[PDB]
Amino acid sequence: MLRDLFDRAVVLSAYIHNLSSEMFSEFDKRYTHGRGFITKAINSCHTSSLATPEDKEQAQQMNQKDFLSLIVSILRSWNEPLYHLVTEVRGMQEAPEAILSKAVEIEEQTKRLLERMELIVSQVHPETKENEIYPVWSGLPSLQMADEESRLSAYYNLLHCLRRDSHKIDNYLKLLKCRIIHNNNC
């Protein structure tokens, strides 16, 4: 039941992006608002090497199977950083509660969205290639560094990248839902 699956996937991706956007805004107001962290966060997302469409015209041009594949790769690529985000933050003596609560919900809901996505692919493209190709995040040393400024900047970049990729996943899913179910007549 493709319409029900797409509907639920888009509820999740929009809810995840909302949580990531609020997390980034709360971290920003509370730790980084005063010093050049936004200048430091330029060009440094682990998913940058994926060929992702940058406007709706590139999106429309994407082969449907590869576009769905791409969403799946971005979600699979975030499993590792979300795990460490939550682990690191929960391990603090004084964990900023609102931030931690959002990170744990995103960690949990991303897994569900990836499960919904894998079911979509199964239904729409049953002979997909099951090989994984997603980009590796390896920034745990920078999250764990003692230097409070280098550490805050590492967190800033992680949260800025999360808000961006959660947005892209949501926007790409909405594009695909409308293309698949409605022939781009939503």
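All residue numbers refer to positions in the sequence shown, first residue = 1.
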Open item on the list: Comparing average C-alpha B factors as deposited, tell me which of 126-134 and 55-63 sits higher.
Closed with: 126-134
TODO: Could you check which stretch, 175-183 or 1-9, carries the larger mean CA temperature factor in the entry?
DONE: 1-9
Task: Top residue by Cα temperature factor, when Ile74, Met92, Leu82, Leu114 are compared in the entry - done: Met92
TODO: Kindly indicate the residue among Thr39, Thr47, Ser69, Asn157 with the greatest C-alpha B-factor in the PDB record.
DONE: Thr39
- [ ] Would you please rank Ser21 by its C-alpha temperature factor against the other modelled residues of its chain and give the third it falls in: lowest, middle or highest?
- [x] middle
Open item on the list: Could you place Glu107 in the lowest, middle or highest third of its chain by Cα temperature factor, using the values in the record?
Closed with: lowest
TODO: Report the third (lowest, middle or highest) to which the CA temperature factor of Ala146 belongs, ranking only the modelled residues of the same chain.
DONE: highest
